[PDB]
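Please read the structure below before turning to the comments.
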Amino acid sequence: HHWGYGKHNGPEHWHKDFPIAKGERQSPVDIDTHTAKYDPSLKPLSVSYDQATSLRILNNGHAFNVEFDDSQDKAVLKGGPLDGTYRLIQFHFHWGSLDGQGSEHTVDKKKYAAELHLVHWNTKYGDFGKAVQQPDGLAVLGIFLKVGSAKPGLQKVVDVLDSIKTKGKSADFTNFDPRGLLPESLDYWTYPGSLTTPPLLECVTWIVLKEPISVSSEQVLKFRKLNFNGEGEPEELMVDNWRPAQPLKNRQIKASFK
Ligand SMILES: CC1(C)O[C@H]2[C@@H]3OS(=O)(=O)O[C@@H]3CO[C@@]2(COS(N)(=O)=O)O1
Ligand SMILES: [Zn+2]
């Protein structure tokens, strides 16, 4: 029972066990749309998930992970500000107790109802564990969620949450296509940052899509029915598992669009 998102173990407490929490390149951050500068040196973003192989979904106590077989370059992210190939290992979300909060990154200080994170590791480092020890070890694709119409591509995810309500529970999740969670446009903002959960390693190149995807109230409400706790323990609804914006410090957020 280490860190968490509560009053006594949340984000403001993390620095104690993880000093880097107060580092020079921490995530998330607020994205100032007026200050972000168009970067013409950015290469076209390339998301290739046609051969993605989903395997299982797991409730890890602070979020749920949809894992993918990454033993091969089946689903990768390249281009944009990245050099090399980054392999998709899993995707997860961060959400709130209410629609007005839940996203980790913010846009002009605006918080979205949730935020999808598709985690990829630089194949040049061999495995995920070694990549996190490198400044350019990971590339995380962030996609904001706003409440409106339902997202067809997300329902299969929503429907299985009933089977992994508590910590430690997992369920088979093969044959799920992550392309169903992407918005139409790939316009994005990018900057060098870190993991948003301990160990908060500063090994991430963040790519945050400007266009949010719409999900229905019914869909988000199901996310809020998950538990932080393990089976048979007092219920602690899994909500507000997001780290607030951190100081930008010596960084510049670049935009892929003019
Ligand atoms: C599941 C979740 C949020 O936990 C985090 C842990 O960071 S870690 O690199 O030590 O390994 C775990 C898996 O990756 C993460 C990455 O989260 S994130 N929010 O930075 O994208 O995803
Ligand atoms: Zn995340």
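Along the sequence shown, residues carry numbers from 1. Hydrogens, waters and symmetry mates are skipped; everything else that's a heavy atom, side chains included, is used. Ligands are counted one by one from 1 in listed order, and the atoms in each one are counted from 1 as well.
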Aromatic rings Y5 and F228: how do their planes relate, parallel, tilted or perpendicular, breaks at 30° and 60°?
parallel
Verify the distance criterion only: is there a donor paired with an acceptor across the side chains of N227 and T166 at less than 3.5 Å?
no
What protein heavy atom lies closest to atom 19 (N) of ligand 1? Include the residue and the distance to one decimal.
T196 OG1, 2.5 Å
Tell me the protein heavy atom at minimum distance from atom 10 (O) of ligand 1, and give that distance in Å.
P199 CD, 3.3 Å
Considering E67, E104, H92 one by one, which has a heavy atom nearer to atom 2 (C) of ligand 1 than any of the others?
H92
Does ligand 1 have an atom that lies less than 4.0 angstrom from a heavy atom of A63?
no
For the Zn ion (ligand 2), find the closest N/O/S atom on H94 and give its atom name.
NE2
Check for me whether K110 meets the cation-pi criterion with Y112, that is, NZ or CZ under 6.0 Å from the six-membered ring centre and within 45 degrees of the ring axis.
yes
To the nearest 0.5 Å, how far apart are CD1 in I20 and CZ in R25?
9.5 Å
Among all the protein's non-hydrogen atoms, which is closest to atom 8 (S) of ligand 1, and how far away is it?
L195 CD1, 3.9 Å
Which residue holds the protein heavy atom closest to atom 1 (C) of ligand 1, what is that atom called, and what is the gap in Å?
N65 ND2, 3.1 Å
Could you work out, for atom 5 (C) of ligand 1, the closest of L200, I89, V119, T197 by heavy-atom distance?
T197
Working to the nearest 0.5 angstrom, can you tell me the gap between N60 CG and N65 CG?
4.5 Å
For ligand 1 and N60, I'd like to know whether there is a polar contact (N/O to N/O, distance under 3.5 Å).
no
Check: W206 ring centre within less than 6.0 Å of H105 ring centre
yes
Looking at atom 9 (O) of ligand 1, what's its closest protein heavy atom, distance included?
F128 CZ, 3.2 Å
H117: its N/O/S atom lying closest to the Zn ion (ligand 2) (atom name):
ND1
Mutual orientation of the aromatic rings belonging to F64 and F223 [parallel < 30°, tilted 30-60°, perpendicular > 60°]
perpendicular
Any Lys/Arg nitrogen of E104 or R243 sitting under 4.0 Å from an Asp/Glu carboxylate oxygen of the other?
no
Short list, please: which atoms of ligand 1 are under 4.0 Å from a heavy atom of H117?
19 (N), 21 (O)
Charged N-O contact under 4.0 Å between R87 and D69
no
Which one of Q90, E115, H62, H120 has a non-hydrogen atom at the shortest distance from atom 22 (O) of ligand 1?
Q90
